[PDB]
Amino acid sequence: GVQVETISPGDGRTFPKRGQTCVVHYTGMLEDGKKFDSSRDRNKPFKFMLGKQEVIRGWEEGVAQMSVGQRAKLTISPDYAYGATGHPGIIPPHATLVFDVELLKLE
């Protein structure tokens, strides 16, 4: 599935609802720590609407159980991410992904 490990706690009550827009900062890396993408390198947050299949399942289920302010470590199985095909040239086949993602606010 996806494992969620807390780095810094959120307020414990403000969670995202389906259809809400989640504003996050993320740094993504392969399980060996090789970074492939980071919103912090760009200084601008990432937005996506929850429960719309805009993002991979691991993000949908992982971020859903985070509360505002919380910085967590998402360990995502290839099943909840890019699968056997992966993403050609970027993410290899059958890759477990690790995202450092902080839920900044809900809109």
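The first residue of the shown sequence is 1; numbering continues from there. For clarity, a rigid core is taken as the largest C-alpha set superposing within 1.5 Å between two forms.
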item	value
RMS Cα shift after core superposition in 4 other deposited structures of this protein, winner of 80 to 88 and 95 to 103	80 to 88
Stretch with the higher entry mean CA B-factor, where the candidates are 76 to 84 and 36 to 44	76 to 84
Residue range whose averaged C-alpha B-factor is higher in the record, 54 to 62 or 25 to 33	54 to 62
B-factor third for the C-alpha atom of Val2 within its chain	highest
